[PDB]
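J.: mmCIF, N, CA and C atoms, saved as query.cif, coming up:
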```cif
data_model
loop_
_atom_site.label_atom_id
_atom_site.label_comp_id
_atom_site.auth_asym_id
_atom_site.auth_seq_id
_atom_site.Cartn_x
_atom_site.Cartn_y
_atom_site.Cartn_z
N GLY A 19 110.30 78.79 81.38
CA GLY A 19 110.12 80.05 82.14
C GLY A 19 108.68 80.20 82.63
N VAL A 20 108.20 79.20 83.37
CA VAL A 20 106.77 78.98 83.74
C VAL A 20 106.57 79.04 85.26
N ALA A 21 105.79 80.03 85.69
CA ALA A 21 105.30 80.19 87.07
C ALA A 21 103.80 79.85 87.14
N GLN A 22 103.33 79.42 88.32
CA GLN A 22 101.90 79.35 88.72
C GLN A 22 101.56 80.60 89.55
N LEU A 23 100.34 81.11 89.41
CA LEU A 23 99.70 82.11 90.29
C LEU A 23 98.29 81.63 90.63
N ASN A 24 97.97 81.44 91.92
CA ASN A 24 96.59 81.20 92.42
C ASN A 24 96.06 82.51 93.00
N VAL A 25 94.90 82.95 92.53
CA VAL A 25 94.23 84.19 92.98
C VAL A 25 92.91 83.78 93.61
N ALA A 26 92.50 84.45 94.68
CA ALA A 26 91.25 84.19 95.41
C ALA A 26 90.69 85.52 95.88
N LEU A 27 89.57 85.95 95.32
CA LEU A 27 88.94 87.25 95.65
C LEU A 27 87.59 87.00 96.32
N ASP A 28 87.52 87.08 97.65
CA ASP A 28 86.27 86.98 98.47
C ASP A 28 86.07 88.28 99.25
N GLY A 29 85.22 89.16 98.73
CA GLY A 29 84.85 90.43 99.40
C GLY A 29 86.02 91.39 99.39
N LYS A 30 86.52 91.74 100.58
CA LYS A 30 87.65 92.68 100.79
C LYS A 30 88.99 91.96 100.59
N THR A 31 89.03 90.64 100.81
CA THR A 31 90.25 89.81 100.84
C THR A 31 90.69 89.48 99.41
N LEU A 32 91.94 89.78 99.07
CA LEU A 32 92.56 89.27 97.83
C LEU A 32 93.75 88.42 98.28
N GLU A 33 93.80 87.15 97.86
CA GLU A 33 94.90 86.22 98.21
C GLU A 33 95.64 85.88 96.91
N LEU A 34 96.96 86.03 96.90
CA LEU A 34 97.82 85.71 95.74
C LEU A 34 98.87 84.71 96.21
N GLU A 35 99.00 83.59 95.49
CA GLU A 35 100.02 82.56 95.74
C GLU A 35 100.80 82.37 94.45
N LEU A 36 102.08 82.72 94.44
CA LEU A 36 103.03 82.54 93.32
C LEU A 36 103.92 81.33 93.62
N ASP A 37 104.08 80.42 92.66
CA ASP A 37 105.00 79.26 92.74
C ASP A 37 105.83 79.34 91.45
N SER A 38 107.14 79.46 91.56
CA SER A 38 108.05 79.70 90.43
C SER A 38 109.38 79.01 90.70
N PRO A 39 109.99 78.38 89.68
CA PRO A 39 111.41 78.05 89.74
C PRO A 39 112.23 79.32 90.02
N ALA A 40 113.31 79.18 90.80
CA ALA A 40 114.20 80.30 91.18
C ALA A 40 114.82 80.91 89.92
N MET A 41 115.06 80.09 88.91
CA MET A 41 115.64 80.47 87.60
C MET A 41 114.95 81.73 87.06
N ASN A 42 113.62 81.80 87.08
CA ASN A 42 112.85 82.91 86.46
C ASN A 42 113.08 84.25 87.17
N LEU A 43 113.26 84.20 88.50
CA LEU A 43 113.23 85.40 89.38
C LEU A 43 114.65 85.88 89.70
N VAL A 44 115.60 84.97 89.85
CA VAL A 44 116.93 85.26 90.46
C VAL A 44 118.02 85.02 89.41
N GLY A 45 117.80 84.11 88.45
CA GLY A 45 118.65 83.88 87.27
C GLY A 45 119.47 82.60 87.38
N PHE A 46 119.28 81.77 88.40
CA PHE A 46 120.13 80.58 88.69
C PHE A 46 119.47 79.70 89.75
N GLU A 47 119.87 78.41 89.84
CA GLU A 47 119.22 77.41 90.73
C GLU A 47 120.10 77.03 91.93
N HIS A 48 121.34 77.51 92.03
CA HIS A 48 122.22 77.28 93.21
C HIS A 48 121.79 78.21 94.36
N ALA A 49 122.33 78.03 95.57
CA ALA A 49 122.34 79.06 96.65
C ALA A 49 123.31 80.18 96.23
N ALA A 50 123.28 81.33 96.90
CA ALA A 50 123.96 82.56 96.45
C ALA A 50 125.41 82.60 96.96
N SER A 51 126.40 82.64 96.07
CA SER A 51 127.85 82.66 96.39
C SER A 51 128.43 84.03 96.08
N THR A 52 128.59 84.33 94.77
CA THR A 52 129.25 85.55 94.24
C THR A 52 128.47 86.78 94.74
N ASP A 53 129.05 87.96 94.60
CA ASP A 53 128.38 89.26 94.85
C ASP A 53 127.20 89.47 93.92
N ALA A 54 127.36 89.01 92.67
CA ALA A 54 126.37 89.15 91.58
C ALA A 54 125.14 88.28 91.88
N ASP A 55 125.37 87.11 92.49
CA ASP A 55 124.30 86.21 92.99
C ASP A 55 123.56 86.92 94.13
N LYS A 56 124.27 87.39 95.16
CA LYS A 56 123.69 88.03 96.37
C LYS A 56 122.88 89.28 96.00
N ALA A 57 123.21 89.95 94.90
CA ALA A 57 122.59 91.22 94.45
C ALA A 57 121.32 90.94 93.64
N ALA A 58 121.31 89.83 92.91
CA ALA A 58 120.16 89.34 92.13
C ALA A 58 119.10 88.82 93.11
N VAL A 59 119.52 88.11 94.16
CA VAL A 59 118.61 87.64 95.24
C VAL A 59 117.98 88.86 95.91
N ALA A 60 118.76 89.90 96.21
CA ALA A 60 118.30 91.09 96.97
C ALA A 60 117.33 91.92 96.12
N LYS A 61 117.55 91.97 94.81
CA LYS A 61 116.69 92.65 93.82
C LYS A 61 115.33 91.93 93.73
N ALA A 62 115.35 90.59 93.71
CA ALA A 62 114.15 89.75 93.66
C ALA A 62 113.41 89.89 94.98
N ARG A 63 114.11 89.86 96.10
CA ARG A 63 113.47 89.94 97.44
C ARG A 63 112.72 91.26 97.51
N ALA A 64 113.35 92.34 97.04
CA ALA A 64 112.82 93.70 97.25
C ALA A 64 111.56 93.86 96.41
N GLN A 65 111.55 93.24 95.24
CA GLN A 65 110.44 93.30 94.27
C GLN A 65 109.26 92.49 94.82
N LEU A 66 109.51 91.25 95.27
CA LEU A 66 108.46 90.36 95.83
C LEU A 66 107.89 90.98 97.10
N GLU A 67 108.58 91.93 97.72
CA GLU A 67 108.10 92.53 98.99
C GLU A 67 107.26 93.77 98.69
N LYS A 68 107.06 94.11 97.42
CA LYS A 68 106.17 95.24 97.02
C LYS A 68 105.08 94.71 96.09
N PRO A 69 104.14 93.88 96.60
CA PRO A 69 103.15 93.23 95.74
C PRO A 69 102.17 94.18 95.07
N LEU A 70 101.84 95.31 95.70
CA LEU A 70 100.89 96.29 95.10
C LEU A 70 101.48 96.82 93.80
N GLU A 71 102.80 96.92 93.72
CA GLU A 71 103.54 97.35 92.50
C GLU A 71 103.68 96.16 91.54
N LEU A 72 104.14 95.03 92.02
CA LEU A 72 104.45 93.87 91.14
C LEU A 72 103.18 93.39 90.41
N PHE A 73 102.02 93.37 91.08
CA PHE A 73 100.72 92.90 90.50
C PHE A 73 99.89 94.09 90.00
N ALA A 74 100.44 95.29 90.14
CA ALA A 74 99.89 96.55 89.59
C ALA A 74 98.44 96.72 90.05
N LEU A 75 98.17 96.52 91.33
CA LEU A 75 96.81 96.73 91.84
C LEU A 75 96.49 98.20 91.68
N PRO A 76 95.28 98.55 91.23
CA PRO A 76 94.89 99.94 91.07
C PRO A 76 94.77 100.63 92.44
N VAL A 77 95.39 101.79 92.57
CA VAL A 77 95.41 102.55 93.85
C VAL A 77 93.96 102.84 94.27
N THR A 78 93.05 103.07 93.31
CA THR A 78 91.64 103.45 93.56
C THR A 78 90.93 102.40 94.44
N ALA A 79 91.35 101.13 94.36
CA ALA A 79 90.76 100.00 95.11
C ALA A 79 91.10 100.04 96.61
N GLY A 80 92.08 100.83 97.03
CA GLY A 80 92.45 100.95 98.45
C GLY A 80 93.06 99.66 98.98
N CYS A 81 93.86 98.97 98.17
CA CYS A 81 94.51 97.71 98.60
C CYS A 81 95.65 98.05 99.57
N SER A 82 95.81 97.24 100.60
CA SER A 82 96.91 97.29 101.57
C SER A 82 97.29 95.84 101.91
N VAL A 83 98.52 95.64 102.38
CA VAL A 83 99.07 94.29 102.64
C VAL A 83 98.79 93.92 104.09
N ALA A 84 98.10 92.82 104.34
CA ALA A 84 97.93 92.27 105.71
C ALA A 84 99.08 91.29 106.02
N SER A 85 99.56 90.53 105.05
CA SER A 85 100.74 89.65 105.29
C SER A 85 101.36 89.26 103.97
N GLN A 86 102.64 88.94 104.00
CA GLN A 86 103.35 88.42 102.81
C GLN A 86 104.47 87.49 103.29
N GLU A 87 104.62 86.37 102.60
CA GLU A 87 105.56 85.28 102.93
C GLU A 87 106.37 84.99 101.66
N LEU A 88 107.69 84.98 101.77
CA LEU A 88 108.62 84.42 100.76
C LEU A 88 109.19 83.12 101.34
N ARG A 89 108.89 81.97 100.74
CA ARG A 89 109.39 80.65 101.19
C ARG A 89 110.40 80.21 100.13
N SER A 90 111.66 80.30 100.52
CA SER A 90 112.84 79.75 99.83
C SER A 90 114.07 79.97 100.71
N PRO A 91 114.92 78.94 100.81
CA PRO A 91 116.23 79.13 101.39
C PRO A 91 116.91 80.42 100.91
N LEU A 92 116.73 80.88 99.65
CA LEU A 92 117.39 82.13 99.16
C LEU A 92 117.06 83.32 100.07
N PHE A 93 115.88 83.30 100.72
CA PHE A 93 115.33 84.44 101.50
C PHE A 93 115.29 84.12 103.00
N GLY A 94 115.89 83.00 103.44
CA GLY A 94 116.07 82.65 104.87
C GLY A 94 117.35 83.23 105.46
N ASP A 95 117.70 82.84 106.69
CA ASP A 95 118.83 83.44 107.46
C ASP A 95 120.07 82.52 107.47
N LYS A 96 119.98 81.29 106.93
CA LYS A 96 121.09 80.29 106.98
C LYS A 96 122.14 80.61 105.91
N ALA A 121 113.72 73.31 95.04
CA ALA A 121 114.48 74.40 94.36
C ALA A 121 113.49 75.50 93.88
N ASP A 122 112.39 75.73 94.62
CA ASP A 122 111.19 76.48 94.16
C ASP A 122 110.96 77.66 95.12
N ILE A 123 110.64 78.85 94.59
CA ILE A 123 110.19 80.05 95.37
C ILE A 123 108.67 80.09 95.46
N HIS A 124 108.13 80.08 96.67
CA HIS A 124 106.70 80.31 96.99
C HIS A 124 106.56 81.73 97.58
N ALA A 125 105.59 82.51 97.12
CA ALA A 125 105.28 83.87 97.63
C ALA A 125 103.78 83.95 97.85
N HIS A 126 103.37 84.10 99.10
CA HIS A 126 101.96 84.14 99.52
C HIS A 126 101.66 85.57 99.98
N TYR A 127 100.59 86.18 99.47
CA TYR A 127 100.18 87.55 99.84
C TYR A 127 98.72 87.55 100.25
N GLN A 128 98.44 88.16 101.40
CA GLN A 128 97.07 88.42 101.89
C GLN A 128 96.86 89.92 101.85
N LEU A 129 96.02 90.40 100.93
CA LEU A 129 95.75 91.85 100.76
C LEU A 129 94.32 92.11 101.23
N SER A 130 94.00 93.35 101.56
CA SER A 130 92.65 93.80 101.97
C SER A 130 92.38 95.10 101.24
N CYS A 131 91.33 95.15 100.43
CA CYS A 131 90.98 96.28 99.53
C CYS A 131 89.70 96.93 100.08
N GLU A 132 89.72 98.23 100.29
CA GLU A 132 88.58 98.98 100.88
C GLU A 132 87.47 99.03 99.82
N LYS A 133 87.83 99.15 98.55
CA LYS A 133 86.87 99.17 97.42
C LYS A 133 87.19 98.03 96.45
N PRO A 134 86.90 96.76 96.81
CA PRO A 134 87.19 95.62 95.94
C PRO A 134 86.34 95.62 94.66
N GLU A 135 85.23 96.34 94.65
CA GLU A 135 84.40 96.50 93.43
C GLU A 135 85.25 97.08 92.29
N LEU A 136 86.37 97.74 92.60
CA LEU A 136 87.18 98.45 91.57
C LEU A 136 88.29 97.55 91.01
N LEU A 137 88.49 96.38 91.60
CA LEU A 137 89.39 95.34 91.05
C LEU A 137 88.64 94.71 89.89
N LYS A 138 88.90 95.12 88.66
CA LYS A 138 88.13 94.59 87.52
C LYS A 138 89.04 93.67 86.71
N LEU A 139 90.34 93.91 86.81
CA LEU A 139 91.33 93.40 85.84
C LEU A 139 92.66 93.19 86.57
N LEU A 140 93.15 91.96 86.56
CA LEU A 140 94.49 91.62 87.06
C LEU A 140 95.45 91.73 85.89
N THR A 141 96.52 92.52 86.01
CA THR A 141 97.53 92.60 84.94
C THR A 141 98.88 92.13 85.49
N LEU A 142 99.50 91.21 84.76
CA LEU A 142 100.86 90.71 85.04
C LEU A 142 101.90 91.45 84.18
N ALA A 143 101.52 92.54 83.51
CA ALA A 143 102.43 93.32 82.65
C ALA A 143 103.68 93.74 83.46
N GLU A 144 103.50 94.26 84.68
CA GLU A 144 104.63 94.70 85.55
C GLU A 144 105.46 93.49 86.00
N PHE A 145 104.85 92.35 86.28
CA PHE A 145 105.58 91.12 86.70
C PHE A 145 106.53 90.72 85.57
N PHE A 146 106.07 90.77 84.32
CA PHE A 146 106.87 90.38 83.12
C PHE A 146 107.99 91.39 82.85
N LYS A 147 107.77 92.67 83.11
CA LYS A 147 108.81 93.70 82.94
C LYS A 147 109.90 93.45 83.99
N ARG A 148 109.52 93.21 85.25
CA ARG A 148 110.50 93.17 86.37
C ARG A 148 111.20 91.80 86.42
N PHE A 149 110.60 90.75 85.85
CA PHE A 149 111.16 89.38 85.80
C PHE A 149 111.12 88.85 84.38
N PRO A 150 111.92 89.43 83.46
CA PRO A 150 111.74 89.18 82.03
C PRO A 150 112.05 87.72 81.65
N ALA A 151 112.72 86.97 82.53
CA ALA A 151 112.98 85.52 82.37
C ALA A 151 111.69 84.69 82.45
N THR A 152 110.58 85.27 82.95
CA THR A 152 109.26 84.59 83.03
C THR A 152 108.55 84.74 81.68
N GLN A 153 108.31 83.64 80.98
CA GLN A 153 107.75 83.62 79.59
C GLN A 153 106.23 83.41 79.62
N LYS A 154 105.75 82.61 80.58
CA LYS A 154 104.33 82.21 80.75
C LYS A 154 103.98 82.07 82.24
N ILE A 155 102.78 82.48 82.63
CA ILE A 155 102.23 82.36 84.00
C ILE A 155 100.89 81.63 83.90
N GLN A 156 100.75 80.48 84.55
CA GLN A 156 99.45 79.77 84.66
C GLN A 156 98.68 80.29 85.88
N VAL A 157 97.52 80.88 85.64
CA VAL A 157 96.67 81.51 86.68
C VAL A 157 95.44 80.65 86.91
N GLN A 158 95.18 80.34 88.17
CA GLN A 158 93.91 79.81 88.69
C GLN A 158 93.25 80.92 89.48
N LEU A 159 91.97 81.21 89.22
CA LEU A 159 91.18 82.23 89.95
C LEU A 159 90.00 81.52 90.60
N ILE A 160 89.65 81.91 91.81
CA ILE A 160 88.46 81.42 92.55
C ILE A 160 87.79 82.63 93.20
N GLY A 161 86.48 82.72 93.03
CA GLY A 161 85.71 83.92 93.38
C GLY A 161 84.27 83.52 93.62
N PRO A 162 83.39 84.43 94.05
CA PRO A 162 81.97 84.11 94.15
C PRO A 162 81.36 83.52 92.87
N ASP A 163 81.96 83.72 91.67
CA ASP A 163 81.49 83.21 90.35
C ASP A 163 81.93 81.78 90.02
N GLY A 164 82.99 81.31 90.67
CA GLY A 164 83.54 79.96 90.54
C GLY A 164 85.02 80.01 90.18
N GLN A 165 85.52 78.99 89.49
CA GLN A 165 86.95 78.79 89.16
C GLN A 165 87.13 79.15 87.69
N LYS A 166 88.29 79.73 87.36
CA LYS A 166 88.62 80.27 86.02
C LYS A 166 90.11 80.03 85.83
N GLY A 167 90.51 79.48 84.69
CA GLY A 167 91.92 79.25 84.33
C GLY A 167 92.32 80.18 83.19
N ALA A 168 93.60 80.54 83.10
CA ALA A 168 94.16 81.27 81.95
C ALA A 168 95.67 81.11 81.94
N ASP A 169 96.26 81.06 80.75
CA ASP A 169 97.72 81.18 80.50
C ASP A 169 97.97 82.64 80.13
N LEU A 170 98.85 83.31 80.86
CA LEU A 170 99.21 84.72 80.63
C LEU A 170 100.62 84.72 80.07
N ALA A 171 100.92 85.71 79.23
CA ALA A 171 102.23 85.86 78.57
C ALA A 171 102.44 87.34 78.31
N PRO A 172 103.69 87.80 78.10
CA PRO A 172 103.92 89.23 77.93
C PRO A 172 102.95 89.84 76.90
N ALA A 173 102.64 89.09 75.83
CA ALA A 173 101.70 89.45 74.74
C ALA A 173 100.30 89.75 75.30
N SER A 174 99.67 88.76 75.95
CA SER A 174 98.35 88.89 76.65
C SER A 174 98.53 88.65 78.15
N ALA A 175 98.76 89.73 78.89
CA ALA A 175 99.15 89.67 80.31
C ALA A 175 97.96 90.00 81.21
N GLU A 176 96.76 90.16 80.65
CA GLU A 176 95.57 90.63 81.39
C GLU A 176 94.61 89.46 81.65
N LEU A 177 93.84 89.51 82.73
CA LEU A 177 92.81 88.50 83.11
C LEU A 177 91.63 89.20 83.80
N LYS A 178 90.39 89.11 83.28
CA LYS A 178 89.20 89.73 83.92
C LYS A 178 88.95 89.02 85.25
N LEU A 179 88.91 89.79 86.34
CA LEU A 179 88.67 89.28 87.71
C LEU A 179 87.18 88.96 87.88
#
```
Give the structure from the file, written as structure tokens.
T.:
Amino acid sequence: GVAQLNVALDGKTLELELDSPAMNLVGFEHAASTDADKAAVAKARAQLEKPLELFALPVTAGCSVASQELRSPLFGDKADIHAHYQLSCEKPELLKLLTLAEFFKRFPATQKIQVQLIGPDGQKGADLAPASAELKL
């Protein structure tokens, strides 16, 4: 139950890249057949489309979404989910702490998240888990 997250904080710009097996987010590795499959896909799509909620960005930072991409056949019009987010924060000084607590609540099949961070300070790695879901930005 292992996802990657790449974070990049340069000034106003916050970039988030999630790479996860479909299993963690949707509950299965096939394309969507049954009603129960189509409803799990739609629940995951709706959640991944609200990144300020899923990554619990603090409202005080003034974060807004400039772009977001879901790359998977599950989310196209016709075995890995990629989710790319470009955010812009009016007060990025207030981004002190990234919490994946909400990601773990909304996708409880995710047991561990490997985070890479890149910032004016350099590169930083951490393994996050429901137990310790926080990372100093």
J.: Could you check the closest approach to residue 152 of chain A for each of A:125, A:65, A:58, A:172 and tell me which residue wins, using only N, CA and C atoms?
T.: A:172
J.: Would you give me, as a PyMOL selection string, the residues in chain A that DSSP reads as alpha helix (DSSP H)?
T.: chain A and resi 40-44+53-66+69-72+143-148
J.: Taking (104.6, 77.7, 92.2) in the file's coordinates, which residues come within 6.5 Å, counting only N, CA and C atoms, written as a PyMOL selection string?
T.: chain A and resi 21-23+35-39+123-124
J.: Do a neighbour search on residue 178 of chain A at 6.5 Å with all atoms listed in the file, toss out local chain neighbours closer than 5 positions, and write the hits as a list in words.
T.: residues 138, 139 and 140 of chain A
J.: With all atoms listed in the file as the basis for distance, which of A:155, A:160, A:92, A:75 is at the shortest distance from residue 20 of chain A?
T.: A:155
J.: Determine, counting all atoms listed in the file, which protein, DNA and RNA residues have an atom within 8 Å of an atom of residue 135 of chain A; residues of the same chain fewer than 2 positions away are not included. Present the result as a list in words.
T.: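 So, after excluding close chain neighbours, the residues are residues 29, 30, 79, 131, 132, 133, 137 and 138 of chain A.
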J.: Point out the residue among A:171, A:163, A:26, A:128 with the least atom-to-atom distance to residue 150 of chain A, counting only C-alpha atoms.
T.: A:171
J.: Could you check which of A:68, A:136, A:77, A:149 is closest to residue 44 of chain A, using only N, CA and C atoms?
T.: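 Of the candidates, the smallest distance to residue 44 of chain A is held by A:149.
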J.: Based on DSSP run over this structure's backbone, return all residues of segment 45-163 of chain A in strand (DSSP E), as a PyMOL selection string.
T.: chain A and resi 81-89+122-131+139-141+154-161
J.: So what do you get for atom N of residue 145 of chain A versus atom N of residue 48 of chain A, distance-wise?
T.: 22.9 Å
J.: Considering only N, CA and C atoms, state which residue in the set A:174, A:127, A:151, A:53 is at the smallest distance from residue 83 of chain A.
T.: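 Using only N, CA and C atoms, residue 83 of chain A sits closest to A:127.
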J.: Dump as a list in words all residues having an atom at most 9 Å from (116.6, 85.5, 90.7), computed in the file's coordinates with only C-alpha atoms.
T.: residues 40, 41, 42, 43, 44, 45, 46, 47, 55, 58, 59, 60, 61, 62, 63 and 149 of chain A
J.: Give me, please, the distance in Å between atom N of residue 161 of chain A and atom CA of residue 179 of chain A, quoted to one decimal.
T.: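 Distance reported for this atom pair: 8.7 Å.
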J.: Determine the nearest neighbour of residue 73 of chain A from the options A:147, A:96, A:56, A:89, counting only C-alpha atoms.
T.: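 Of all the options, A:147 lies closest to residue 73 of chain A.
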J.: Just how far from atom CA of residue 24 of chain A is atom C of residue 167 of chain A, in Å to one decimal?
T.: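 These atoms are spaced 10.2 Å apart.
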J.: Can you list, as a VMD selection string, every protein, DNA or RNA residue that comes within 10 Å of residue 129 of chain A when you count only C-alpha atoms, leaving out same-chain residues fewer than 5 positions away?
T.: chain A and resid 27 30 to 34 69 to 70 80 to 86
J.: Save segment 68-79 of chain A from what I just supplied, as a tab-separated table (two decimals), in the first residue's frame, atoms limited to N, CA, C and O atoms.
T.:
```
chain	number	residue	atom	x	y	z
A	68	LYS	N	-9.75	17.75	-5.49
A	68	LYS	CA	-9.79	18.77	-4.41
A	68	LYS	C	-8.48	18.70	-3.62
A	68	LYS	O	-8.46	18.28	-2.47
A	69	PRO	N	-7.34	19.09	-4.22
A	69	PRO	CA	-6.04	18.92	-3.58
A	69	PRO	C	-5.84	19.76	-2.32
A	69	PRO	O	-5.17	19.29	-1.44
A	70	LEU	N	-6.46	20.94	-2.23
A	70	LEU	CA	-6.32	21.81	-1.03
A	70	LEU	C	-6.87	21.08	0.18
A	70	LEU	O	-6.30	21.25	1.29
A	71	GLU	N	-7.89	20.25	-0.02
A	71	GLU	CA	-8.50	19.41	1.04
A	71	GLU	C	-7.65	18.15	1.26
A	71	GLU	O	-7.33	17.82	2.38
A	72	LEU	N	-7.31	17.44	0.20
A	72	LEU	CA	-6.62	16.13	0.32
A	72	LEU	C	-5.25	16.31	1.01
A	72	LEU	O	-4.88	15.47	1.84
A	73	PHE	N	-4.51	17.38	0.71
A	73	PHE	CA	-3.15	17.65	1.29
A	73	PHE	C	-3.25	18.63	2.47
A	73	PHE	O	-2.23	18.99	3.07
A	74	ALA	N	-4.47	19.03	2.80
A	74	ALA	CA	-4.81	19.83	3.99
A	74	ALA	C	-3.95	21.10	4.02
A	74	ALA	O	-3.45	21.44	5.05
A	75	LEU	N	-3.85	21.80	2.91
A	75	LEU	CA	-3.08	23.05	2.90
A	75	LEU	C	-3.81	24.02	3.81
A	75	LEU	O	-5.02	24.06	3.83
A	76	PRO	N	-3.07	24.78	4.65
A	76	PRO	CA	-3.69	25.75	5.54
A	76	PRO	C	-4.30	26.91	4.74
A	76	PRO	O	-3.64	27.50	3.91
A	77	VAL	N	-5.54	27.24	5.04
A	77	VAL	CA	-6.28	28.31	4.31
A	77	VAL	C	-5.50	29.62	4.44
A	77	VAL	O	-5.52	30.41	3.46
A	78	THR	N	-4.82	29.86	5.57
A	78	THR	CA	-4.09	31.12	5.87
A	78	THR	C	-3.03	31.41	4.80
A	78	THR	O	-2.73	32.62	4.56
A	79	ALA	N	-2.47	30.37	4.16
A	79	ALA	CA	-1.43	30.48	3.13
A	79	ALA	C	-1.95	31.04	1.79
A	79	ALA	O	-1.12	31.40	0.92
```
